[PDB]
file my_file_33.cif (mmCIF, N, CA and C atoms)
data_work
#
loop_
_atom_site.label_atom_id
_atom_site.label_comp_id
_atom_site.auth_asym_id
_atom_site.auth_seq_id
_atom_site.Cartn_x
_atom_site.Cartn_y
_atom_site.Cartn_z
N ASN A 1 -124.16 -146.48 -1.07
CA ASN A 1 -123.34 -145.27 -1.36
C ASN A 1 -122.49 -144.93 -0.14
N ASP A 2 -121.50 -144.06 -0.33
CA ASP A 2 -120.63 -143.65 0.76
C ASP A 2 -119.70 -142.52 0.32
N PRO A 3 -119.16 -142.58 -0.88
CA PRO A 3 -118.24 -141.53 -1.40
C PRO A 3 -118.97 -140.20 -1.63
N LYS A 4 -118.22 -139.10 -1.56
CA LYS A 4 -118.81 -137.78 -1.77
C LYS A 4 -119.42 -137.68 -3.16
N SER A 5 -120.59 -137.06 -3.24
CA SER A 5 -121.29 -136.90 -4.50
C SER A 5 -120.43 -136.16 -5.52
N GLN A 6 -119.73 -135.12 -5.07
CA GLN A 6 -118.87 -134.36 -5.97
C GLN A 6 -117.82 -135.26 -6.59
N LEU A 7 -117.22 -136.12 -5.77
CA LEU A 7 -116.20 -137.04 -6.27
C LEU A 7 -116.79 -138.01 -7.28
N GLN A 8 -117.99 -138.51 -6.99
CA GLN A 8 -118.66 -139.45 -7.88
C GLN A 8 -118.97 -138.79 -9.23
N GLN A 9 -119.48 -137.57 -9.17
CA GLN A 9 -119.82 -136.84 -10.39
C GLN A 9 -118.56 -136.55 -11.21
N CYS A 10 -117.48 -136.21 -10.52
CA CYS A 10 -116.22 -135.90 -11.19
C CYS A 10 -115.67 -137.13 -11.90
N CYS A 11 -115.86 -138.30 -11.30
CA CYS A 11 -115.36 -139.54 -11.88
C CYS A 11 -115.98 -139.78 -13.25
N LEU A 12 -117.25 -139.44 -13.40
CA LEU A 12 -117.95 -139.62 -14.66
C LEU A 12 -117.34 -138.76 -15.76
N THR A 13 -116.94 -137.54 -15.42
CA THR A 13 -116.36 -136.63 -16.39
C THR A 13 -115.02 -137.15 -16.91
N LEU A 14 -114.31 -137.90 -16.08
CA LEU A 14 -113.00 -138.43 -16.46
C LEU A 14 -113.13 -139.64 -17.38
N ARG A 15 -113.29 -139.39 -18.68
CA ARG A 15 -113.40 -140.47 -19.67
C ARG A 15 -112.27 -140.37 -20.69
N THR A 16 -111.58 -141.49 -20.92
CA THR A 16 -110.47 -141.51 -21.88
C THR A 16 -110.64 -142.67 -22.86
N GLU A 17 -110.46 -142.39 -24.15
CA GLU A 17 -110.59 -143.41 -25.19
C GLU A 17 -109.23 -143.71 -25.82
N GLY A 18 -108.99 -144.98 -26.14
CA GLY A 18 -107.72 -145.38 -26.74
C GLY A 18 -106.68 -145.72 -25.68
N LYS A 19 -107.12 -145.74 -24.42
CA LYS A 19 -106.22 -146.06 -23.30
C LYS A 19 -106.94 -146.97 -22.30
N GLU A 20 -106.37 -147.08 -21.10
CA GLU A 20 -106.96 -147.92 -20.06
C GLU A 20 -107.90 -147.09 -19.18
N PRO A 21 -108.91 -147.69 -18.60
CA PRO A 21 -109.89 -146.95 -17.74
C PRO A 21 -109.27 -146.52 -16.41
N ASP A 22 -108.46 -145.47 -16.46
CA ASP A 22 -107.82 -144.95 -15.25
C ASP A 22 -108.70 -143.88 -14.61
N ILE A 23 -109.09 -144.11 -13.36
CA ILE A 23 -109.94 -143.15 -12.64
C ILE A 23 -109.62 -143.18 -11.14
N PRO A 24 -109.46 -142.05 -10.48
CA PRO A 24 -109.16 -142.04 -9.02
C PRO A 24 -110.39 -142.44 -8.19
N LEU A 25 -110.31 -143.62 -7.56
CA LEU A 25 -111.42 -144.13 -6.74
C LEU A 25 -110.97 -144.36 -5.30
N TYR A 26 -111.92 -144.31 -4.38
CA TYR A 26 -111.62 -144.51 -2.96
C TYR A 26 -111.48 -146.00 -2.64
N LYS A 27 -110.51 -146.31 -1.78
CA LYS A 27 -110.25 -147.69 -1.37
C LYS A 27 -109.78 -147.70 0.08
N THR A 28 -110.57 -148.30 0.96
CA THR A 28 -110.23 -148.37 2.37
C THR A 28 -108.96 -149.18 2.58
N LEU A 29 -108.03 -148.63 3.36
CA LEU A 29 -106.76 -149.30 3.63
C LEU A 29 -106.90 -150.23 4.84
N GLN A 30 -105.78 -150.78 5.30
CA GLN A 30 -105.78 -151.68 6.46
C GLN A 30 -105.16 -150.98 7.66
N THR A 31 -105.78 -151.16 8.82
CA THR A 31 -105.30 -150.52 10.04
C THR A 31 -104.06 -151.22 10.58
N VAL A 32 -102.94 -150.49 10.60
CA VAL A 32 -101.68 -151.04 11.11
C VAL A 32 -100.99 -150.00 11.99
N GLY A 33 -100.74 -150.37 13.24
CA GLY A 33 -100.08 -149.46 14.19
C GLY A 33 -99.12 -150.23 15.10
N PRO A 34 -98.18 -149.54 15.70
CA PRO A 34 -97.20 -150.18 16.62
C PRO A 34 -97.89 -150.75 17.86
N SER A 35 -98.89 -150.02 18.35
CA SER A 35 -99.65 -150.45 19.52
C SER A 35 -100.88 -151.25 19.10
N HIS A 36 -101.48 -151.95 20.06
CA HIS A 36 -102.66 -152.75 19.78
C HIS A 36 -103.79 -151.84 19.29
N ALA A 37 -103.56 -150.54 19.40
CA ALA A 37 -104.55 -149.54 18.98
C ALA A 37 -104.82 -149.64 17.48
N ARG A 38 -106.07 -149.39 17.09
CA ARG A 38 -106.46 -149.44 15.68
C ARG A 38 -106.60 -148.03 15.10
N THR A 39 -105.97 -147.81 13.95
CA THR A 39 -106.01 -146.51 13.27
C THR A 39 -106.49 -146.68 11.84
N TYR A 40 -107.51 -145.92 11.45
CA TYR A 40 -108.05 -146.00 10.09
C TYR A 40 -107.54 -144.85 9.23
N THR A 41 -106.98 -145.19 8.07
CA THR A 41 -106.44 -144.19 7.15
C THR A 41 -107.02 -144.40 5.75
N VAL A 42 -107.53 -143.32 5.15
CA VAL A 42 -108.10 -143.39 3.79
C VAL A 42 -107.26 -142.52 2.86
N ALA A 43 -106.83 -143.09 1.74
CA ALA A 43 -106.01 -142.36 0.77
C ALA A 43 -106.55 -142.51 -0.65
N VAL A 44 -106.45 -141.42 -1.41
CA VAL A 44 -106.90 -141.39 -2.81
C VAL A 44 -105.69 -141.24 -3.71
N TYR A 45 -105.55 -142.13 -4.70
CA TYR A 45 -104.40 -142.09 -5.61
C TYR A 45 -104.84 -141.81 -7.05
N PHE A 46 -104.05 -140.98 -7.73
CA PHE A 46 -104.34 -140.61 -9.12
C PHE A 46 -103.11 -140.83 -9.99
N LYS A 47 -103.12 -141.92 -10.75
CA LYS A 47 -102.00 -142.24 -11.63
C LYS A 47 -100.67 -142.09 -10.90
N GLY A 48 -100.65 -142.45 -9.61
CA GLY A 48 -99.42 -142.36 -8.82
C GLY A 48 -99.30 -141.02 -8.11
N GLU A 49 -100.32 -140.17 -8.23
CA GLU A 49 -100.30 -138.85 -7.59
C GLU A 49 -101.31 -138.81 -6.44
N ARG A 50 -100.81 -138.56 -5.24
CA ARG A 50 -101.67 -138.50 -4.06
C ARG A 50 -102.44 -137.18 -4.02
N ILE A 51 -103.73 -137.26 -3.69
CA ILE A 51 -104.58 -136.07 -3.61
C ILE A 51 -105.49 -136.16 -2.39
N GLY A 52 -105.11 -137.00 -1.43
CA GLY A 52 -105.91 -137.18 -0.22
C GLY A 52 -105.04 -137.57 0.96
N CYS A 53 -105.45 -137.14 2.15
CA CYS A 53 -104.70 -137.44 3.36
C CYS A 53 -105.50 -137.02 4.59
N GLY A 54 -105.88 -137.99 5.41
CA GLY A 54 -106.64 -137.70 6.62
C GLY A 54 -106.86 -138.96 7.45
N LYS A 55 -106.57 -138.86 8.75
CA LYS A 55 -106.74 -139.99 9.66
C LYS A 55 -107.91 -139.75 10.61
N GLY A 56 -108.60 -140.82 10.96
CA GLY A 56 -109.74 -140.71 11.86
C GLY A 56 -110.18 -142.07 12.37
N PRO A 57 -111.11 -142.10 13.29
CA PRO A 57 -111.63 -143.37 13.88
C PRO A 57 -112.45 -144.17 12.87
N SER A 58 -113.68 -143.71 12.61
CA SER A 58 -114.55 -144.39 11.66
C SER A 58 -114.17 -144.05 10.22
N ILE A 59 -114.57 -144.91 9.29
CA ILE A 59 -114.27 -144.70 7.88
C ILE A 59 -114.95 -143.45 7.35
N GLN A 60 -116.22 -143.27 7.70
CA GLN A 60 -116.97 -142.11 7.24
C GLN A 60 -116.25 -140.81 7.59
N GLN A 61 -115.79 -140.70 8.83
CA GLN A 61 -115.08 -139.50 9.26
C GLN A 61 -113.80 -139.30 8.46
N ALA A 62 -113.11 -140.40 8.17
CA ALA A 62 -111.86 -140.33 7.41
C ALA A 62 -112.11 -139.82 5.99
N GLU A 63 -113.21 -140.25 5.40
CA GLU A 63 -113.56 -139.85 4.04
C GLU A 63 -113.86 -138.36 3.96
N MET A 64 -114.49 -137.83 5.00
CA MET A 64 -114.86 -136.41 5.03
C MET A 64 -113.62 -135.52 4.99
N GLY A 65 -112.59 -135.88 5.75
CA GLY A 65 -111.37 -135.08 5.79
C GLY A 65 -110.64 -135.10 4.45
N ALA A 66 -110.44 -136.30 3.91
CA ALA A 66 -109.75 -136.46 2.64
C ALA A 66 -110.60 -135.95 1.47
N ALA A 67 -111.90 -136.16 1.56
CA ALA A 67 -112.81 -135.75 0.50
C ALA A 67 -112.69 -134.26 0.19
N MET A 68 -112.74 -133.43 1.23
CA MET A 68 -112.64 -131.98 1.04
C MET A 68 -111.26 -131.57 0.52
N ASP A 69 -110.23 -132.24 1.02
CA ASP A 69 -108.86 -131.93 0.62
C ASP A 69 -108.64 -132.20 -0.87
N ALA A 70 -109.26 -133.26 -1.38
CA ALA A 70 -109.11 -133.64 -2.78
C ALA A 70 -109.54 -132.52 -3.73
N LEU A 71 -110.44 -131.65 -3.27
CA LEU A 71 -110.92 -130.56 -4.12
C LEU A 71 -109.78 -129.62 -4.52
N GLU A 72 -108.89 -129.31 -3.57
CA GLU A 72 -107.78 -128.40 -3.85
C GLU A 72 -106.51 -129.14 -4.27
N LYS A 73 -106.60 -130.46 -4.42
CA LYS A 73 -105.41 -131.26 -4.78
C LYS A 73 -105.58 -131.96 -6.13
N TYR A 74 -106.49 -131.46 -6.97
CA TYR A 74 -106.71 -132.07 -8.28
C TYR A 74 -105.69 -131.52 -9.29
N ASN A 75 -105.16 -132.43 -10.11
CA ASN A 75 -104.18 -132.07 -11.14
C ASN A 75 -104.74 -132.36 -12.53
N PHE A 76 -103.91 -132.16 -13.55
CA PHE A 76 -104.31 -132.40 -14.94
C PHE A 76 -105.26 -133.60 -15.04
N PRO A 77 -106.14 -133.61 -16.02
CA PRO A 77 -107.11 -134.74 -16.21
C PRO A 77 -106.42 -136.02 -16.67
N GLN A 78 -107.21 -137.07 -16.88
CA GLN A 78 -106.68 -138.36 -17.32
C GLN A 78 -105.54 -138.18 -18.31
N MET A 79 -104.31 -138.32 -17.82
CA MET A 79 -103.13 -138.17 -18.65
C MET A 79 -102.88 -139.44 -19.47
#
call {"tool": "encode", "arguments": {"input": "my_file_33.cif", "output": "structure tokens"}}
result
Amino acid sequence: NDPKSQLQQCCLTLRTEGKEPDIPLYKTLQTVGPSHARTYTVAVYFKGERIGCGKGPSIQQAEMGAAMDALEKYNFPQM
């Protein structure tokens, strides 16, 4: 496990029939920076709608910032 429990529980509620299994899930990105320095960024996408944004060192820390933000950035259900 690793994702926030609230996010996991919410994913279950998002069920759509007669369409494709579209659900906003977490996916670790790749660290890319101008300097040799490494930067970790985690983003959550919903049918092309961003609802997460937060940068940090470790992945866990990055998830915490974006995880809380996603609560106030939720839009209409499975469209």
call {"tool": "atom_distance", "arguments": {"input": "my_file_33.cif", "atom1": "CA of residue 52 (chain A)", "atom2": "CA of residue 70 (chain A)"}}
result
5.4 Å
call {"tool": "atom_distance", "arguments": {"input": "my_file_33.cif", "atom1": "CA of residue 51 (chain A)", "atom2": "CA of residue 25 (chain A)"}}
result
11.0 Å
call {"tool": "atom_distance", "arguments": {"input": "my_file_33.cif", "atom1": "CA of residue 60 (chain A)", "atom2": "atom C of residue 38 (chain A)"}}
result
14.3 Å
call {"tool": "select_by_dssp", "arguments": {"input": "my_file_33.cif", "residues": "chain A", "states": "alpha helix (DSSP H)", "output": "ChimeraX atom specification"}}
result
/A:5-13,59-71
call {"tool": "resolve_selection", "arguments": {"input": "my_file_33.cif", "expression": "the PyMOL selection byres ((chain A and resi 47) around 8)", "output": "short mmCIF file (atom, residue, chain, number, x, y, z; two decimals) with N, CA and C atoms, in the coordinates of the input"}}
result
data_model
loop_
_atom_site.label_atom_id
_atom_site.label_comp_id
_atom_site.auth_asym_id
_atom_site.auth_seq_id
_atom_site.Cartn_x
_atom_site.Cartn_y
_atom_site.Cartn_z
N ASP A 22 -108.46 -145.47 -16.46
CA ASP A 22 -107.82 -144.95 -15.25
C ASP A 22 -108.70 -143.88 -14.61
N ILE A 23 -109.09 -144.11 -13.36
CA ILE A 23 -109.94 -143.15 -12.64
C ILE A 23 -109.62 -143.18 -11.14
N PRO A 24 -109.46 -142.05 -10.48
CA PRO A 24 -109.16 -142.04 -9.02
C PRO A 24 -110.39 -142.44 -8.19
N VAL A 44 -106.45 -141.42 -1.41
CA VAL A 44 -106.90 -141.39 -2.81
C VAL A 44 -105.69 -141.24 -3.71
N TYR A 45 -105.55 -142.13 -4.70
CA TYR A 45 -104.40 -142.09 -5.61
C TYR A 45 -104.84 -141.81 -7.05
N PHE A 46 -104.05 -140.98 -7.73
CA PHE A 46 -104.34 -140.61 -9.12
C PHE A 46 -103.11 -140.83 -9.99
N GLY A 48 -100.65 -142.45 -9.61
CA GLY A 48 -99.42 -142.36 -8.82
C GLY A 48 -99.30 -141.02 -8.11
N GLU A 49 -100.32 -140.17 -8.23
CA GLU A 49 -100.30 -138.85 -7.59
C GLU A 49 -101.31 -138.81 -6.44
N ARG A 50 -100.81 -138.56 -5.24
CA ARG A 50 -101.67 -138.50 -4.06
C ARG A 50 -102.44 -137.18 -4.02
N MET A 79 -104.31 -138.32 -17.82
CA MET A 79 -103.13 -138.17 -18.65
C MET A 79 -102.88 -139.44 -19.47
#
call {"tool": "closest_residue", "arguments": {"input": "my_file_33.cif", "among": "A:29, A:66, A:59, A:11", "to": "residue 78 (chain A)", "atoms": "only C-alpha atoms"}}
result
A:11
call {"tool": "select_by_dssp", "arguments": {"input": "my_file_33.cif", "residues": "chain A", "states": "strand (DSSP E)", "output": "VMD selection string"}}
result
chain A and resid 26 to 28 40 to 46 49 to 50 54 to 56
call {"tool": "build_atoms", "arguments": {"input": "my_file_33.cif", "residues": "region 56-72 of chain A", "atoms": "N, CA, C and O atoms", "output": "short mmCIF file (atom, residue, chain, number, x, y, z; two decimals), in the coordinates of the input"}}
result
data_model
loop_
_atom_site.label_atom_id
_atom_site.label_comp_id
_atom_site.auth_asym_id
_atom_site.auth_seq_id
_atom_site.Cartn_x
_atom_site.Cartn_y
_atom_site.Cartn_z
N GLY A 56 -108.60 -140.82 10.96
CA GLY A 56 -109.74 -140.71 11.86
C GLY A 56 -110.18 -142.07 12.37
O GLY A 56 -109.68 -143.11 11.93
N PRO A 57 -111.11 -142.10 13.29
CA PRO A 57 -111.63 -143.37 13.88
C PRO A 57 -112.45 -144.17 12.87
O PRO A 57 -111.99 -145.17 12.33
N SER A 58 -113.68 -143.71 12.61
CA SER A 58 -114.55 -144.39 11.66
C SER A 58 -114.17 -144.05 10.22
O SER A 58 -113.54 -143.03 9.96
N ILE A 59 -114.57 -144.91 9.29
CA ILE A 59 -114.27 -144.70 7.88
C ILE A 59 -114.95 -143.45 7.35
O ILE A 59 -114.34 -142.66 6.63
N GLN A 60 -116.22 -143.27 7.70
CA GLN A 60 -116.97 -142.11 7.24
C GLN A 60 -116.25 -140.81 7.59
O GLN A 60 -116.12 -139.92 6.75
N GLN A 61 -115.79 -140.70 8.83
CA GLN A 61 -115.08 -139.50 9.26
C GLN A 61 -113.80 -139.30 8.46
O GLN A 61 -113.44 -138.18 8.12
N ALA A 62 -113.11 -140.40 8.17
CA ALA A 62 -111.86 -140.33 7.41
C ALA A 62 -112.11 -139.82 5.99
O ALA A 62 -111.30 -139.07 5.45
N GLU A 63 -113.21 -140.25 5.40
CA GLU A 63 -113.56 -139.85 4.04
C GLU A 63 -113.86 -138.36 3.96
O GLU A 63 -113.54 -137.70 2.97
N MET A 64 -114.49 -137.83 5.00
CA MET A 64 -114.86 -136.41 5.03
C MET A 64 -113.62 -135.52 4.99
O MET A 64 -113.60 -134.50 4.29
N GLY A 65 -112.59 -135.88 5.75
CA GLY A 65 -111.37 -135.08 5.79
C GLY A 65 -110.64 -135.10 4.45
O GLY A 65 -110.27 -134.06 3.92
N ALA A 66 -110.44 -136.30 3.91
CA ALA A 66 -109.75 -136.46 2.64
C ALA A 66 -110.60 -135.95 1.47
O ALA A 66 -110.07 -135.40 0.50
N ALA A 67 -111.90 -136.16 1.56
CA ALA A 67 -112.81 -135.75 0.50
C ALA A 67 -112.69 -134.26 0.19
O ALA A 67 -112.54 -133.87 -0.97
N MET A 68 -112.74 -133.43 1.23
CA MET A 68 -112.64 -131.98 1.04
C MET A 68 -111.26 -131.57 0.52
O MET A 68 -111.14 -130.67 -0.30
N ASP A 69 -110.23 -132.24 1.02
CA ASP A 69 -108.86 -131.93 0.62
C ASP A 69 -108.64 -132.20 -0.87
O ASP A 69 -107.91 -131.48 -1.54
N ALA A 70 -109.26 -133.26 -1.38
CA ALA A 70 -109.11 -133.64 -2.78
C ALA A 70 -109.54 -132.52 -3.73
O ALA A 70 -109.08 -132.46 -4.87
N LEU A 71 -110.44 -131.65 -3.27
CA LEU A 71 -110.92 -130.56 -4.12
C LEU A 71 -109.78 -129.62 -4.52
O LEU A 71 -109.72 -129.16 -5.66
N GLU A 72 -108.89 -129.31 -3.57
CA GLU A 72 -107.78 -128.40 -3.85
C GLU A 72 -106.51 -129.14 -4.27
O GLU A 72 -105.46 -128.52 -4.41
#
